[PDB]
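K.L.:
Once you've had a glance at the structure underneath, I'll fire off some questions.
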Amino acid sequence: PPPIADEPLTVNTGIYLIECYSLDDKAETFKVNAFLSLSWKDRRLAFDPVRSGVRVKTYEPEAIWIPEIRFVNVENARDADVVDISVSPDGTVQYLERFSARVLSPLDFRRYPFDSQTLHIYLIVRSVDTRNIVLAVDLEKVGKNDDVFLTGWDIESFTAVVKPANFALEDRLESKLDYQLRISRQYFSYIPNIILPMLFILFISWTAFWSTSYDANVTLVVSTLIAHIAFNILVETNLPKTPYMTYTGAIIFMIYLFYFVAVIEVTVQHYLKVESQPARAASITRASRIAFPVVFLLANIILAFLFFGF
Amino acid sequence: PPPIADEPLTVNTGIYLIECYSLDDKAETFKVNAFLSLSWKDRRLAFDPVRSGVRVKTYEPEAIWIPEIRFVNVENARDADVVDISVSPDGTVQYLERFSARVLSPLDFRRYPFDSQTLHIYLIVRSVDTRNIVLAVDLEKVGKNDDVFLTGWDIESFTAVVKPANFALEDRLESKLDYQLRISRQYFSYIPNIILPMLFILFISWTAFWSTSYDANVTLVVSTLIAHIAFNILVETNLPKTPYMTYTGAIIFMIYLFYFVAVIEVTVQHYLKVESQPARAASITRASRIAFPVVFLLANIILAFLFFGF
Amino acid sequence: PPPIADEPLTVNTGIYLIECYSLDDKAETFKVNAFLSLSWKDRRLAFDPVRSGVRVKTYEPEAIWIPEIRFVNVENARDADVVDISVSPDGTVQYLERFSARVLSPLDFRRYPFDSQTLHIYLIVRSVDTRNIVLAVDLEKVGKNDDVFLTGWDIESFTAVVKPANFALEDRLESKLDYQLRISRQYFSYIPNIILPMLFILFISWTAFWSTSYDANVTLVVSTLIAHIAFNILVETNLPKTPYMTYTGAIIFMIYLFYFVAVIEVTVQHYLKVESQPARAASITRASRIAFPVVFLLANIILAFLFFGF
Amino acid sequence: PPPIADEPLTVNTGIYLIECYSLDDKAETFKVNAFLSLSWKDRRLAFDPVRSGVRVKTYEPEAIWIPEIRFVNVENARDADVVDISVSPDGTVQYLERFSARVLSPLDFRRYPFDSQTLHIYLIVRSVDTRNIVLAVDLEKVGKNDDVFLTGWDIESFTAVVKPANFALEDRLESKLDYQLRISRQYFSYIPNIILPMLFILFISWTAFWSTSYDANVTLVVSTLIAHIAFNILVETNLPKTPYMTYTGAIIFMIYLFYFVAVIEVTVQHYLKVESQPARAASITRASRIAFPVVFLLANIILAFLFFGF
Amino acid sequence: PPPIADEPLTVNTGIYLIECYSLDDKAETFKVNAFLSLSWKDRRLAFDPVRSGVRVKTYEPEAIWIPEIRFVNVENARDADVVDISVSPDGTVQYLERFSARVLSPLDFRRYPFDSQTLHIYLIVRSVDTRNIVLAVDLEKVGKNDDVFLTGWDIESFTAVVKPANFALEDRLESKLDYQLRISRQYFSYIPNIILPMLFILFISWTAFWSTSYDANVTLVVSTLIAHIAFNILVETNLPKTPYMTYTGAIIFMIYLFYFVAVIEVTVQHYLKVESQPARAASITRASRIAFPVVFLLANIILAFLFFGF
Ligand SMILES: [As]
């Protein structure tokens with residue numbers, strides 16, 4: 001039984017994030033638990049305050065016509081408990097639920113450890129014989145408690161795009177709203193646990209540039225290579241198959257080369273050193289011990305720049 | 001209370017993918033959230049527009065007879081919220097739900113990293129005392145929003161096989177429709193993260209062909225073999241027990257042989273070199289350093305061709 | 001309100017597997033999604049066809065008395081949606097649900113990778129003031145679609161034991177039926193991924209029988225031992241704590257010995273070789289390089305036979 | 001509407017384990033699926049058999065007053081389906097449900113692999129204006145089918161403590177009953193898979209007592225130490241953080257010492273052997289090769305005894 | 001139908017922990033199963049005891065107006081079964097449920113293995129046309145059975161902050177209460193299983209200070225480094241990405257340096273020893289064998305102090 005408007009019936013939305021959690025880089029999802037608020041004039045519900053009880057009367061959901069606001073990017077439909085309904089005397093309705101949904105917003109792992117993401121919540125509304133246009137009421141959209149959590153992320157700002165996108169879908173226009181959650185990743189921990197440990201094994205690798213024992217230079221350079229894979233693999237886990245190159249995975253891969261030529265050298269500073277031409281061998285090893293650190297720190301400036309600097 | 005047709009009652013289906021996600025190579029499943037649309041003539045619902053309200057009247061699901069459209073390849077029954085119902089005056093009904101199901105379609109890992117998959121959704125309908133034939137209405141089957149996601153997959157095309165398959169099941173014919181989602185894998189990331197890292201460890205392996213120290217050639221060749229397992233295992237995880245040979249697992253296994261004979265050689269270039277016959281030993285190592293890269297790059301053309309080229 | 005039979009009321013069961021999945025060797029469970037079909041004469045429901053509507057009338061579940069068929073080996077009670085009810089005129093009822101349960105059937109890992117399992121589904125029915133006997137109707141028990149999946153398993157045959165087991169439980173006899181699903185494991189993949197890789201590391205281990213450097217024979221034999229654990233552990237994961245010896249775990253353990261004595265020898269071919277008695281040492285190593293492969297291939301025939309051949 | 005007793009209303013309980021599974025050493029829980037049976041005299045329900053139908057009349061749960069029997073050590077409230085209700089003519093009620101709960105009973109990992117556990121199920125009942133006392137009816141407490149499973153455990157005996165513990169909680173006495181499940185662990189598999197593999201690596205370790213090459217005695221003793229961690233870690237996984245010392249973790253830790261002094265020796269038999277005093281060095285190594293095996297087998301008798309023998 | 005108070009209606013809360021479990025350091029959550037108790041005067045419910053039945057009358061939840069007490073830090077809404085309701089004659093209502101919620105409270109891993117945590121439960125209540133103020137009744141808040149478990153934690157004390165925090169949220173004041181659970185970690189097991197095993201591998205590392213073979217000093221020091229990662233990684237698992245430095249992760253990282261300079265030395269005591277200046281080399285190694293243990297034990301006092309001592 002929809003409210004006989006005179007034109008498109010505006011319905012006034014607003015989300016108040018209460019809990020925010022389980023951001024899942026792999027699945028590109030996150031859990032949210034907030035308030036949903038809705039308002040609309042249903043002139044029928046109008047009531048002489050004086051002749052009746054008080055300012056507003058409260059109804060159960062069955063009694064009133066209430067507009068189906070579905071979310072768009074959700075796994076299942078959301079779990080919502082209706083907190084209150086409050087018809088004003090002119091026929092203005094105050095609806096408030098407290099939903100708990102798992103949201104499917106995508107992420108840009110381009111700068112991975114140093115990435116900033118923007119999450120989305122959608123809310124379509126499908127029209128009928130009155131058109132339904134959604135729109136935001138920013139007094140119930142300051143939705144964000146001062147304790148929203150979201151581990152391993154700094155939460156920058158929850159806001160909403162005031163202009164709805166009015167699609168037409170299978171012959172009844174829908175109205176879609178864009179609620180936005182902006183987040184910076186907490187990259188700190190990736191340093192002591194990934195970046196540094198990773199760099200160290202790289203350096204040890206190439207003390208083989210001050211050694212002359214092939215036997216202890218393989219035992220060295222090769223053993224270190226292994227550990228890099230333990231890290232390569234460790235990272236490549238908490239991270240989806242991007243069809244594009246992730247910054248961290250760039251440098252994590254640039255590295256493999258520095259282990260490769262490293263080997264090449266130790267191998268060469270050996271074929272030379274045995275081809276009775278140490279003249280050359282200890283010239284190479286002599287230089288290797290300079291070229292690598294440079295070309296690395298160089299390539300990383302190149303890389304680092306190539307990603308963030310662009 | 002079914003609509004007394006005069007022949008098989010056609011019911012007009014149509015899916016509009018809204019969200020698409022959690023494709024699970026291991027389980028061979030994916031999550032989907034779309035519109036389901038249905039139409040049929042229920043002459044009873046017919047109504048003088050002029051003597052009554054307007055173009056169409058809307059009903060709750062309980063009021064109208066509505067045909068049970070179950071999905072076939074689903075884990076549980078799907079979670080669906082009814083978006084709208086709209087009986088036309090001739091008795092034509094417009095049903096629209098927004099279901100959210102976890103779909104069980106199988107995949108062909110034959111070309112694994114470079115594989116293209118086709119996913120399915122089925123929709124049977126069980127007949128009664130009127131036969132029910134489903135059929136597609138392609139205006140509500142352009143079902144695919146321009147933001148369907150599906151991480152790690154490029155989405156080629158959502159369409160449907162217009163001719164239903166009319167089975168007879170336990171004495172009431174059912175009508176089944178085939179909705180098709182075609183996808184190409186995003187193979188890019190498998191390169192910097194699996195293929196390349198994997199090839200590198202292989203090459204280092206066989207710098208042992210320019211070494212002459214057994215001790216540093218095992219520490220070398222053996223250490224590299226281990227890492228290959230870290231990769232072998234890494235891959236063999238995000239991947240079901242195919243009863244058949246997966247391309248990537250082919251080359252991932254072809255490799256083990258190149259590690260084996262590698263060892264064989266270093267081992268031989270040692271039993272020879274100590275059987276006072278370096279004449280031979282440094283003839284073998286001499287050639288090993290050519291045969292392996294060739295026979296590999298050769299075998300890979302052979303392999304690569306054997307898979308994609310056929 | 002049970003149907004006043006004149007003796008034990010037979011209820012006619014039948015399962016039609018539609019989906020079959022998530023077989024979990026660790027938990028000894030599997031997921032299933034099938035039809036449940038039931039029939040019984042409730043003479044009360046009988047109806048003059050001529051004086052009434054048609055062949056059969058359909059009821060909602062609340063209207064008719066319907067016998068509680070619980071499954072026995074289930075985690076929670078099963079999730080079932082009622083597909084149809086059809087009382088015949090003599091009072092014969094056609095019930096059809098589509099349940100989706102997680103089933104708890106045990107497995108025999110004795111021949112592990114080459115094991116064949118038989119899964120079970122039970123269906124008790126608890127009697128009241130008429131005795132209830134269940135029994136199978138094999139026209140609704142050809143339950144098995146031609147697309148049942150069950151990854152990593154070949155599905156041999158779904159059938160049922162026609163004779164119910166009529167227990168008496170806490171004073172009301174129950175009737176239990178045995179539905180059986182027989183499956184052979186798809187052992188193929190365990191070859192390129194476990195068995196072979198495993199054998200290789202074993203062989204490399206004992207090239208130490210053609211080496212004479214203790215230093216490169218430990219670096220060798222010990223390094224390989226490690227990798228075997230990586231495999232030992234890998235396997236010991238997707239596999240419950242059987243109180244009995246699993247074939248694969250037999251040979252996976254027989255192996256440890258061949259690594260042990262291997263060490264013993266290299267260690268001995270060293271205490272001898274340094275006790276100025278290479279006379280003996282290179283006699284041992286001489287034989288070791290024959291005994292091991294034999295005694296192995298021998299023990300494996302012994303083992304293999306001991307398991308499958310008995 | 002409770003039954004107006006004349007004193008404490010006795011309610012007669014009884015559990016019949018049907019399925020038993022997912023014992024979780026880490027979480028200290030287990031899943032169970034059994035019958036719950038209850039009896040009480042509700043004189044109101046009394047009925048002239050002769051003037052009425054038969055021996056007993058059956059009711060739905062809403063009709064009769066039925067006593068809330070909650071379980072105590074449960075994660076969530078239990079999932080129970082009511083199997084039957086049967087009021088006798090004196091007003092004696094026969095209630096039978098089939099619940100399925102996840103139970104939270106603790107375990108004594110003191111003798112870990114060789115531990116015997118006793119699990120619990122509780123059933124409080126909160127009184128009102130008649131006191132409610134629970135008590136066991138041992139004819140519905142032989143609850144244990146002859147197929148109860150519980151992988152990796154031998155099930156010794158399901159029984160119950162006949163005397164309830166009548167607490168007073170927040171001013172209404174409660175009555176609590178103790179159902180007991182006794183289980184021995186199936187320790188067999190821990191031998192081929194943990195204990196033995198673990199002892200082997202220990203012995204190999206100290207063939208370094210018959211070697212004289214520090215270089216191959218470290219590559220030896222150190223490589224073996226690593227593998228022990230692979231086992232140390234493997235075990236320390238399927239096992240909660242006991243605030244106390246687990247037998248297995250005792251010997252798994254005693255071991256580390258035998259690796260430590262082992263190293264000490266090889267290290268010493270080297271500082272000695274190079275301080276031109278092999279007089280001593282090969283006196284130490286000479287004895288080391290006796291002391292360790294003894295002091296070990298000695299300490300293990302000490303340990304073993306200390307745990308099981310006390 | 002709310003109770004027409006004369007001022008803010010106080011509602012009297014109280015939790016009695018019955019079961020406590022699944023504390024999840026990674027997710028920062030825990031499961032709880034307790035009693036919730038509520039009291040309020042609803043003068044309407046008042047009843048002449050003499051003219052009516054007895055002391056108190058009991059109602060079903062539907063009959064009475066009952067205040068919505070939502071928990072705040074919960075994943076989903078909590079699963080609660082109503083145990084009893086008991087209106088006194090003045091209109092005083094005794095509500096008692098037994099809920100089972102998964103609670104989202106954060107933790108301070110600063111002292112990780114030796115950390116003490118405080119968990120929270122919240123209970124808002126949203127006002128209407130009478131203000132609702134919650135408050136604690138400490139006779140139903142001694143909520144904590146003498147068998148609360150919580151594996152791997154010693155439970156210090158369950159209590160509550162008597163003064164509610166009265167927020168105003170979207171125009172209706174809410175009242176929030178703070179229930180507190182204080183817990184000390186059971187750090188014992190982390191010793192035999194992490195700390196000690198970890199220290200051992202560190203010591204062995206630097207027996208390389210009494211060795212002079214570079215080849216056996218890398219095979220030594222490098223092999224031990226690997227094992228430390230097996231531990232580094234092991235730990236870094238059961239532990240969230242803190243944006244801050246965890247004590248255990250401090251010392252677990254301080255370590256890497258002692259492996260690094262260790263290498264440096266062995267590498268140097270080799271470039272020196274071969275630059276025909278053993279004068280120096282065996283002066284360094286001479287000192288290394290003192291400096292490291294000191295600077296370590298020193299840094300650990302520094303570290304240990306830095307964390308716990310501040
Ligand atoms: As190694």
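Every chain in the structure tokens takes a letter, A first, then B, and so on in the order presented; its residues are numbered from 1, and the ligands are numbered from 1 following the presented order.
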Using only C-alpha atoms, find which residues of chain C lie within 8 Å of chain B and jot them down as an MDAnalysis selection string.
P.N.:
chainID C and resid 18:19 22 33 79 100 139:140 151:152 186:189 192:193 197 200 204 207 210:211 215:216 219:220 223:224 227
K.L.:
Filtering to N, CA and C atoms, could you give me those residues as an mmCIF file, in the first residue's frame?
P.N.:
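Contents of out09.cif, freshly written:
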data_model
loop_
_atom_site.group_PDB
_atom_site.id
_atom_site.type_symbol
_atom_site.label_atom_id
_atom_site.label_comp_id
_atom_site.auth_asym_id
_atom_site.auth_seq_id
_atom_site.Cartn_x
_atom_site.Cartn_y
_atom_site.Cartn_z
ATOM 1 N N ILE C 18 21.361 -34.675 -5.562
ATOM 2 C CA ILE C 18 21.339 -33.670 -6.599
ATOM 3 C C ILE C 18 22.712 -33.023 -6.651
ATOM 4 N N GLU C 19 23.236 -32.698 -5.478
ATOM 5 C CA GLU C 19 24.567 -32.166 -5.350
ATOM 6 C C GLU C 19 25.313 -33.011 -4.321
ATOM 7 N N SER C 22 32.181 -31.256 -0.698
ATOM 8 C CA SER C 22 32.938 -31.095 0.540
ATOM 9 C C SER C 22 33.139 -32.377 1.353
ATOM 10 N N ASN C 33 23.134 -32.701 -1.016
ATOM 11 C CA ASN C 33 21.942 -31.946 -1.302
ATOM 12 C C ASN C 33 21.068 -32.763 -2.218
ATOM 13 N N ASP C 79 18.746 -29.038 6.684
ATOM 14 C CA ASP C 79 17.972 -27.921 6.132
ATOM 15 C C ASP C 79 17.160 -28.425 4.944
ATOM 16 N N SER C 100 19.345 -30.602 2.538
ATOM 17 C CA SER C 100 20.728 -30.255 2.316
ATOM 18 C C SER C 100 21.349 -30.482 3.680
ATOM 19 N N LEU C 139 12.338 -46.231 -6.988
ATOM 20 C CA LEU C 139 12.066 -45.378 -8.152
ATOM 21 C C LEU C 139 12.400 -43.928 -7.812
ATOM 22 N N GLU C 140 12.414 -43.680 -6.497
ATOM 23 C CA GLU C 140 12.870 -42.379 -6.012
ATOM 24 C C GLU C 140 14.208 -42.502 -5.279
ATOM 25 N N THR C 151 34.653 -33.791 -5.692
ATOM 26 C CA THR C 151 36.019 -33.614 -6.143
ATOM 27 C C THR C 151 36.968 -34.622 -5.536
ATOM 28 N N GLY C 152 37.844 -35.150 -6.426
ATOM 29 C CA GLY C 152 38.911 -36.025 -5.994
ATOM 30 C C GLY C 152 38.362 -37.375 -5.628
ATOM 31 N N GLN C 186 40.479 -40.575 -6.154
ATOM 32 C CA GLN C 186 41.270 -40.238 -7.331
ATOM 33 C C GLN C 186 42.701 -40.043 -6.906
ATOM 34 N N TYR C 187 43.494 -41.105 -7.061
ATOM 35 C CA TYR C 187 44.822 -41.191 -6.467
ATOM 36 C C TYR C 187 45.869 -40.596 -7.374
ATOM 37 N N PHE C 188 45.518 -40.408 -8.641
ATOM 38 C CA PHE C 188 46.453 -39.866 -9.629
ATOM 39 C C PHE C 188 47.344 -38.734 -9.111
ATOM 40 N N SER C 189 46.724 -37.635 -8.711
ATOM 41 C CA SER C 189 47.478 -36.452 -8.344
ATOM 42 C C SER C 189 48.517 -36.713 -7.239
ATOM 43 N N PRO C 192 52.482 -37.278 -8.925
ATOM 44 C CA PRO C 192 53.362 -36.178 -9.326
ATOM 45 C C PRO C 192 53.621 -35.219 -8.166
ATOM 46 N N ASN C 193 52.765 -35.286 -7.152
ATOM 47 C CA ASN C 193 52.812 -34.290 -6.100
ATOM 48 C C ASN C 193 53.318 -34.790 -4.762
ATOM 49 N N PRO C 197 57.872 -36.991 -6.126
ATOM 50 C CA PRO C 197 58.809 -36.033 -5.536
ATOM 51 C C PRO C 197 59.509 -36.668 -4.345
ATOM 52 N N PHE C 200 62.359 -39.290 -5.455
ATOM 53 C CA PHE C 200 63.511 -38.530 -5.927
ATOM 54 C C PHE C 200 64.457 -38.097 -4.800
ATOM 55 N N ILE C 204 68.643 -39.143 -4.670
ATOM 56 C CA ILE C 204 69.659 -38.153 -4.407
ATOM 57 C C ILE C 204 70.348 -38.412 -3.060
ATOM 58 N N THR C 207 73.200 -40.943 -3.490
ATOM 59 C CA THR C 207 74.367 -40.746 -4.326
ATOM 60 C C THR C 207 75.593 -40.634 -3.411
ATOM 61 N N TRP C 210 78.448 -42.863 -3.787
ATOM 62 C CA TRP C 210 79.402 -42.696 -4.886
ATOM 63 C C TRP C 210 80.230 -41.444 -4.597
ATOM 64 N N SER C 211 80.096 -40.969 -3.372
ATOM 65 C CA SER C 211 80.866 -39.848 -2.913
ATOM 66 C C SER C 211 81.724 -40.395 -1.806
ATOM 67 N N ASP C 215 81.806 -34.434 4.257
ATOM 68 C CA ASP C 215 81.253 -33.080 4.306
ATOM 69 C C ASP C 215 80.140 -32.867 3.273
ATOM 70 N N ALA C 216 80.308 -33.443 2.087
ATOM 71 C CA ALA C 216 79.321 -33.275 1.033
ATOM 72 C C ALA C 216 78.358 -34.426 1.050
ATOM 73 N N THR C 219 75.927 -32.836 3.978
ATOM 74 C CA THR C 219 75.238 -31.738 3.302
ATOM 75 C C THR C 219 74.244 -32.351 2.336
ATOM 76 N N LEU C 220 74.599 -33.500 1.801
ATOM 77 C CA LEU C 220 73.701 -34.212 0.913
ATOM 78 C C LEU C 220 72.605 -34.988 1.658
ATOM 79 N N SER C 223 70.388 -32.823 4.111
ATOM 80 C CA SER C 223 69.497 -31.924 3.380
ATOM 81 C C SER C 223 68.271 -32.657 2.811
ATOM 82 N N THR C 224 68.485 -33.822 2.214
ATOM 83 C CA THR C 224 67.372 -34.598 1.652
ATOM 84 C C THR C 224 66.398 -35.063 2.732
ATOM 85 N N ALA C 227 63.778 -32.448 3.513
ATOM 86 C CA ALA C 227 62.700 -32.388 2.513
ATOM 87 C C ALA C 227 61.669 -33.494 2.673
#
K.L.:
According to DSSP computed on the backbone, where in region 8-229 of chain E is there strand (DSSP E)? Give the residues as a count of residues only.
P.N.:
94
K.L.:
Just asking: which residues within region 204-303 of chain C are alpha helix (DSSP H) according to DSSP, as a ChimeraX atom specification?
P.N.:
/C:204-205,214-237,247-274,278-303
K.L.:
Which residue gives the smallest distance to residue 35 (chain B) among B:63, B:221, B:142, B:150, with only C-alpha atoms counted?
P.N.:
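Distance minimum relative to residue 35 (chain B) lands on B:142.
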K.L.:
Which distance in Å separates CA of residue 8 (chain A) and CA of residue 57 (chain A), to one decimal?
P.N.:
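Value for the CA of residue 8 (chain A)-CA of residue 57 (chain A) distance: 25.1 Å.
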K.L.:
Work out how far CA of residue 127 (chain B) is from CA of residue 173 (chain B), in Å to one decimal.
P.N.:
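Interatomic distance here is 5.8 Å.
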K.L.:
In Å to one decimal, how far is CA of residue 174 (chain A) from CA of residue 81 (chain A)?
P.N.:
24.2 Å
K.L.:
Calculated over only C-alpha atoms, which of the candidates E:298, E:30, E:209, E:64 has the smallest distance to residue 265 (chain E)?
P.N.:
E:209
